[PDB]
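Okay, structure first, notes after.
Every chain is numbered from 1, with letters handed out A, B, ... down the list of sequences. Just so you know, these numbers use all the heavy atoms, side chains as well, and skip hydrogens, waters and symmetry mates.
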There are 2 protein chains.
Amino acid sequence: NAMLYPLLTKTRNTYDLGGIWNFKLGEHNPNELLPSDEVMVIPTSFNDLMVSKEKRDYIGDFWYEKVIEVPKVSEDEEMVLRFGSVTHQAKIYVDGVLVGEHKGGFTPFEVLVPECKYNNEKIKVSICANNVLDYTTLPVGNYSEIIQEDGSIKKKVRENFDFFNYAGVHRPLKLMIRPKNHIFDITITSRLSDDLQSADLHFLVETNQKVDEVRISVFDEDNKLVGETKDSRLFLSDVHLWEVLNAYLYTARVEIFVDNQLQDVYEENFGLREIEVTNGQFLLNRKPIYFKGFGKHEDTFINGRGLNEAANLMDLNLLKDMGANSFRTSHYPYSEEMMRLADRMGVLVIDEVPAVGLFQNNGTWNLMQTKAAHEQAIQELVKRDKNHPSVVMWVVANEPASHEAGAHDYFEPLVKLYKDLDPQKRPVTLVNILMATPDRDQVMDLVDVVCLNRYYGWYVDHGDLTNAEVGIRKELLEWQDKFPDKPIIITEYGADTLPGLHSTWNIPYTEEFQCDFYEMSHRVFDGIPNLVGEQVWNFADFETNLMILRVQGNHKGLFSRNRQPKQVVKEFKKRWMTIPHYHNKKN
Amino acid sequence: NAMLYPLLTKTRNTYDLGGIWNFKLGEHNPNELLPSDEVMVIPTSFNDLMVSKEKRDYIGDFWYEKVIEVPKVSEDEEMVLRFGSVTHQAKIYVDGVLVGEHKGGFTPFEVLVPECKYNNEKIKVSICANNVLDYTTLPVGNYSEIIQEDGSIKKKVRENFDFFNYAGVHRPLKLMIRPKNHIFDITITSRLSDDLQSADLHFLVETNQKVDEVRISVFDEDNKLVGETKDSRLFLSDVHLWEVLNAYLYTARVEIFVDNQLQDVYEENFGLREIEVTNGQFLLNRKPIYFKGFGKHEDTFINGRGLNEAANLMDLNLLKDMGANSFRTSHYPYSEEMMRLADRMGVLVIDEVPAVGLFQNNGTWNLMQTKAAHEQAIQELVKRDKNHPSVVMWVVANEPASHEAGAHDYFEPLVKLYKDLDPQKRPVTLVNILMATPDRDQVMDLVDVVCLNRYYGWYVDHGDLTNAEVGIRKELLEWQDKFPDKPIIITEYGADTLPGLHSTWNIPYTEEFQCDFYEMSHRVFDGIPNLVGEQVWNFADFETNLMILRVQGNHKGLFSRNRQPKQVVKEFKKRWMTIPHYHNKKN
Ligand SMILES: [Mg+2]
Ligand SMILES: [Mg+2]
Ligand SMILES: [Mg+2]
Ligand SMILES: [Mg+2]
C-alpha cells in the first residue's frame, strides 16, 4: 500500500523523522518511557556503531523511541508513518498502542496513525525492530537458542548467506500527511511504435475511493507539456527513448478531482524503452545488449547497510567511468533512491528479492518454510519498482538448492508470480550455484535468462588457472547446449584480493592474481556466443560474519571498501571501454 | 660417515664450493658439458629465484654442474664431497661417473672422489638433485603424473604438509682433504656429580683404521687445558654447567697417533648439563623447566629454505630478548650451523625428523611406505646432533594419524631406535594432532613427553574464544588425567594474522585477535599443573603452497617474514619475562 515514493506535493506534506532516537537492545514496554541512556541514528545499521562484540552480535528485539510533534492535520486528511525499510521485522507503536507490523527487512511499508491523536500536541513513536532470521524468513538464517546457565536465553543467527547480518532502520522514515481520498498506486506501460518514434501509453491509476476525473499531464525533460488525458490512455509523438548510459525521463503528473476540485496530486517518472529476450540475446530497444558491471551490496564503512546516497552516486560514477553499464541488487532490493538514480543515469538494473540461503547445510524443500515470505517479497518488489526503466530483469533466488527434489515445484509459481504482477512482463531469472551444474539442475527451464555464479580458479581449481579455463569453458558449452535459445549472464565471478599483496608467481589473494583470473575468464566468455553479460563479484569489498574462509569480510571487490581501486580496475576499464553497450556476438 | 661438522685443521683441508653453478631444470647427460645459459647459487632454494610460476613449480630432476680445480692431495690423503644437504634426493657425479647417492633433503652426506683424479688438473662435479615426494619419502607428498597430450610427462607433488616444497642445495657444500685413516665420529657423554661440581667424562673415538694412541685434550671457554687422557675417560673438577640462556661449552681436541706422529686431529664442542623427565616435569640440571618459545621454519625471503646464518642469529637474539628459551626444528632437522649457534646461546632445542605428512587425506598405515626413510632419518639425526647440549628432546613424528589402527606398531620400534642410538637417552616425543583426542590416540603411551598442536579458537570454534576456552581446558585436563606423570608441552598454537588488519570486535586475521587468542590460551595453560611449556606457531610468517586457507603463505607468525614484530610480540615479552626459565608449577 506504500509502494509510491514519498513526495512533497500540493496535497501531500512529507516530513523526515531521521535523527537521534532513544535506543535499547532488549526488552521494553512501549507504554513506558524509553530513557536516553542509549541513542541511535536513523537511518543506519546499529552494528558497527557498537564498540563491543557482544552488543554488535545482538540478536532479538531492539527499540527506537522518540516523541514527535503533531503537525496540522485537516478533517479530510490522514497521517501515516512511511518506513523505507526496517531490518528485519518490525512492530510499530503510537503512544504504546500497536498500529502496524511488517516482515521483511528490505521493502517499504506504511502505518496509519490513529485519527484520535490528530488533535494531540505530541505522539510517542516506538519502533520494535527484530533481526532474527530463520527458515521462515528471507534471507534464510539458522536460528538457535542456548541457556546461559544464568537463567536467560541467548539467541544466535548463523547466516545462510555470505554477508554480515546488518540490522536497524536502514532507510528514511517519513511522517506523511495525505488526503483520505488519495492516489493509491500508479502503473505506467507503453507500446513503442515500429519506428520507435511514437508510443501508446497506458496509465492505470488506483484510488481508494472514487473521483469524478483522473487527469494525467505528461512533461518532458524541459518540463514542457507533451500530452494530456482523462481516459487513462495517451498517444505521444516525437518520443525520446531511455538509453543505456543515456537516460531520458518523462514525468506523469496525476491529478484526481471530485466535484471539480483537486483531491490529490502525484508525480511519477517513467522511461520509454523496449525489452525482449529471444534467440540467445538480450534486446534493449531492439538492439543486442552486452551486460558489463557488478554484483553489488548496500555496504559501506560506519553505516553498514544503511542508506548513503553519496555512496550510490560515487559508485555509479565509477561504474560509468569504467565503461560498465549495469549492476544487480544482490541480494535484496536496494533503496528506492538507488533505483531512481539508476533511472536518471541510464544504468541497467537486475532487480532481486532477498531469496538467498534457500540451501540446506539435504531435503531443502521440506525444510524451507519461506513460501509466504517469498511471495510477499515478489509482490512488494514488483509493486515498488515496476515503473523503473532501469529495472530490466527480475531474480527469483540467488544460489538456491535447485538440484534437489521439489525445487521445480517451489519456483514455478514464484516465477509465475513475477510474470503475472509485472505489467511489462520483463524477463525473470534464477541465479545458479556451482552444485547445480546443467545435468542436475531442474529449475533453469522456468527462467528466461541463465545466470551463473562461477568461480573456476578460486573455489574450484584454486590458483590453477590452466585447469580452471578447461573447466569453465566446458560447463558454459553445456549450458548453451541445454538451452540454445536462452541468453547466458555471469552474475558472479571473482577472487579475494587484499590490497598490498603482491607476487610474480600468480599467487591467490594478490592483486596480480586478480588480474590473471579475470583475463582467463574473459578469454573463455568471449568464445561463448550466447554469453551476453559479465557482472563481477564484487564491486567493492564488504562485511561478512566470522568464517575461516573470510579474511575480515569479503575481498572479491574490484575496489576496496573505501572505494579505492585495486590493480584490476585499470584492466577492466580497458576491456569495458573497448566493448560497446550494444554489442552483438552472433555477428 | 659424514656426521662430523667440517673443520679446518692441520690434517684436514676444508674448502667451500659455494657460489655459481651451471644450472638446468630437466634432463641432462653428465657425460656432456652443461652450458652456462642458466646458473644457480649454492647454497639456496632455487624456487624464488625463478621469475615464472612454471619454473618455480618444477618437479623432477634438476642439475648443478661446475668444473672445479683439484688442490694438492698427498699419498695418505683422500678427497671427499661433503654436502650439508640436498633437497630432496641427489645423485653425485664426477666426470660423468656416478659416485654417490642420498635420499632425504635435510641430512648431511659425504661422497668420495675417485683417487685416480687426485693428480688431474680439474674435475667436473655434477649434482642431479630431485624434489619428488611420495609415500616413501619424508616428508610425505602426494605424487601424480599427467600427460600434457604433447607426448611429455608433467609431474606434480601435492604436499601432505603445511609448508612450501622449497628445493635445491640448501646447505654448504665442502671439498674435504682428509687422511685416509681419520676420525669419522666422536661421542661425548658425562655423568654429573651429586653436588654438580664434578663430572665423569666418557669419550668414544671412532677411526676407520687402527691407531696406536688416542690423545684427548679438554679446554674450557678461556681456552685453558683442564684435562687430558689417552684412555678416553677423564674426571673434571670445578666444572661449569651449560645453562638455559647461559651456555658454557668445553672443547675436546682429539688427536690420533700412528708411529708417534700425528695422523689426524679434530675438535668437538660439548656442554655439561643433565636432563630428566619425571612426575609431570621436565628437569634441566635437576630443576623444573618451563619452555617458552616457538615452532620455527627454515624460511626467509629470497633464500627460501636455504641457510642464512645471519637469519639464525637475528631470530635467536629476538628469542632471547622476548624472554623465550627454546624452539623446535619443525618439521625437519635444521642446519648444523643453527644447532651449534643454539649450543653457544644456551637455547633449548627440540630436535625433529622430517616425519610430517603421515596422514592420508582412514587406513593411513596401510598406505605409508615410509619405514625405511624414517629409520634412516632417525639414525642420521641422532648421529649428527647427539653431542649438542642444546638438544633436549627428540620428535619421532609431527601430526601423524596416531588415532588409526596400525599407528602403535609403526611408532614403537621408532621410539625404541631413538633410545638405542642416543647415548644420552634423551626423552622422545610425538607431536599430536587435534583429531587424536585422548580417547582416540593410541601412541602417546610410547613417548616421554606429551606434545600437542591445538588451535581452539582458530580451526575449531573459529572466532569464538568463549567456547574455545572451554574446549581447550576440557581436553588438556583429559590428557593430564590419562597420563598423570607425563609433562605436557603445547608445540603449536596460533592464529593467522596479516599486518595492518585491525578491529575493535575481536575479528580473526586482525592483530588484535591474535592478542586475544593468546591471552585466552595462556589463562587456560596456567591452570594446568602438568603443562610445562608453550611454543607458539609460528615464530615468523612462512611460505606455503596454493590453497584457499592460505593467504599467500602462513601468517600465524608472531613476527612477519621480514622479522618485523606484530602487535602480540609486546604482549609475549611481558609474559615471558615474568615467567622464569626455571619455573615449578607444582609448588
Ligand atoms: Mg550518509
Ligand atoms: Mg569462473
Ligand atoms: Mg588452542
Ligand atoms: Mg604459569
Fill in: Any residue of residues 543-551 of chain B which, by heavy atoms, sits under 4.5 Å from chain A
B:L546, B:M547, B:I548, B:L549, B:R550, B:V551
Item to complete: Decide if atom CD1 of B:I147 counts as having more than 12 heavy atoms of other residues, nucleotides or ligands within a radius under 6.0 Å.
Response: yes
Worksheet item: Relative to chain A, which of B:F513, B:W505, B:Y459 shows the most heavy atom pairs under 4.5 Å?
Response: B:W505
Discussion item. For A:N562, is the CG atom crowded, meaning more than 12 foreign heavy atoms sit under 6.0 Å from it?
Written reply: yes
Worksheet item: In this structure, are over 12 heavy atoms from other groups packed under 6.0 Å from B:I20 atom CD1?
Response: no
Worksheet item: So do the side chains of A:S503 and B:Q552 get within less than 4.5 Å of each other, counting heavy atoms only?
Response: yes
Practice prompt. Output the residues of residues 47-57 of chain B for which the shortest heavy-atom distance to chain A is under 4.5 Å, in residue-number order; output 'none' if no such residue exists.
Written response: B:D48, B:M50, B:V51, B:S52, B:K53, B:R56
Worksheet item: Around B:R523, counting heavy atoms of other residues, nucleotides and ligands shown, do more than 12 lie under 6.0 Å from its CZ?
Response: yes
Practice prompt. Please flag which part of A:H502 lies under 4.5 Å from any non-hydrogen atom of chain B: side chain, backbone, both or neither.
Written response: backbone
